[PDB]
Amino acid sequence: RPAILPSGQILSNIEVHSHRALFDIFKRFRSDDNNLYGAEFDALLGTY
Amino acid sequence: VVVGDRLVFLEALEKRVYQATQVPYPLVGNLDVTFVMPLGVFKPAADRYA
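Rules behind the numbers
As drawn, each chain counts its residues from 1 in written sequence order, possibly unlike the entry's numbers, and residues without coordinates are not displayed. All chains are assigned letters beginning with A, and all ligands numbers beginning with 1, in the order in which they are written. Keep in mind that this is only part of a larger assembly, and the values describe that part, not the whole. Water and hydrogen atoms were dropped before computing side-chain values, which therefore reflect all heavy atoms in the structure. Secondary structure elements follow DSSP: runs of H or I no shorter than four residues count as helices, runs of E no shorter than two count as strands, and numbering proceeds from the N terminus. In this treatment the radius of gyration is a C-alpha quantity, and the globule benchmark scales as 2.2 Å times the residue count to the 0.38 power. The cut-offs for exposure are 20% and 50% of the maximum accessible area for each residue type, with area from a 1.4 Å probe on protein chains only; residues under the lower value are buried, those over the upper are exposed, and the others partly exposed. Neither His nor the chain termini are counted; the positive set is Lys and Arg, and the negative set is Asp and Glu. Charge placement uses NZ in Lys and CZ in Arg. For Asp and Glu, CG and CD serve respectively. In short, Shrake-Rupley with a 1.4 Å probe defines the accessible areas, and a residue's cover is counted only from the protein chains shown. Classification of ring pairs rests on two measures: the distance between centres of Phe, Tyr or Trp rings, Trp counted by its six-membered ring, which must be within 6.5 Å, and the angle between planes, read as stacked under 30 degrees, edge-to-face over 60 and tilted in between.

cryo-EM is the method the PDB entry lists for this structure, together with a resolution of 4.43 Å.

As structure tokens, then:
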């Protein structure tokens, strides 16, 4: 469930896999993973 | 740049290209030398001098 619209662009161009220390979770898929598409949600249906 | 009496470009392609990608730079070549040394040779009696 990635971001939909970015706020600001990024300027630095640097290899990121060598810098995985600074980040908290870090996931790299190869090319067009079929997982980032399906969207499930929870719902509340009427209140009495 | 002007060198000798000639005009020539000057560019390092480490920033525009190859930046943050896994392929190494090609211009950093590799020299090669093969050393040699004698182990247990013995000089004659004419050169044992301090």
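Okay, the overall build of chain B next. Tallying secondary structure elements over chain B gives zero helices and two strands in all. In terms of overall dimensions, chain B is more spread out than a globule: its C-alpha atoms have a radius of gyration of 25 Å, far above the 10 Å expected for 50 residues. With the principal axes as the frame, chain B shows a C-alpha extent of 65 × 40 × 15 Å. Across the 50 residues of chain B, 2% fall into the buried class. On chain B, the mean spot of the 5 positive side-chain charges and the mean spot of the 5 negative ones are 6 Å from each other.

Let's shift gears to the overall build of chain A. Helix and strand counts for chain A come out as zero helices and zero strands. Based on the C-alpha atoms only, the size of chain A along its principal axes is roughly 55 × 25 × 20 Å. The buried share of chain A, reckoned over its 48 residues, is 0%. With an accessible surface of roughly 5,700 Å², chain A has 56% of that area assigned to carbon and sulfur atoms.

Another aspect to go through is the packing of aromatic side chains. One pass over the structure, following the stated rule, counts two aromatic pairs over all chains. Arranged with centres 6.5 Å apart and planes meeting at 20 degrees, the rings of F23(A) and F26(A) form a pair that is stacked. Ring geometry for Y18(B) and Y25(B): centres 5.0 Å apart, planes at 70 degrees, overall edge-to-face.

Residue and element names in this part refer to chain B. The backbone of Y18 sits at a positive phi, close to 70 degrees, despite the residue not being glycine. With respect to the element layout, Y18 can be found in the segment after β2 (6-7). For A20, which is not a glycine, the phi torsion comes out positive at approximately 60 degrees. Note that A20 resides in the segment after β2. Judged by its relative accessible area of 25%, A20 falls in the partly exposed class.

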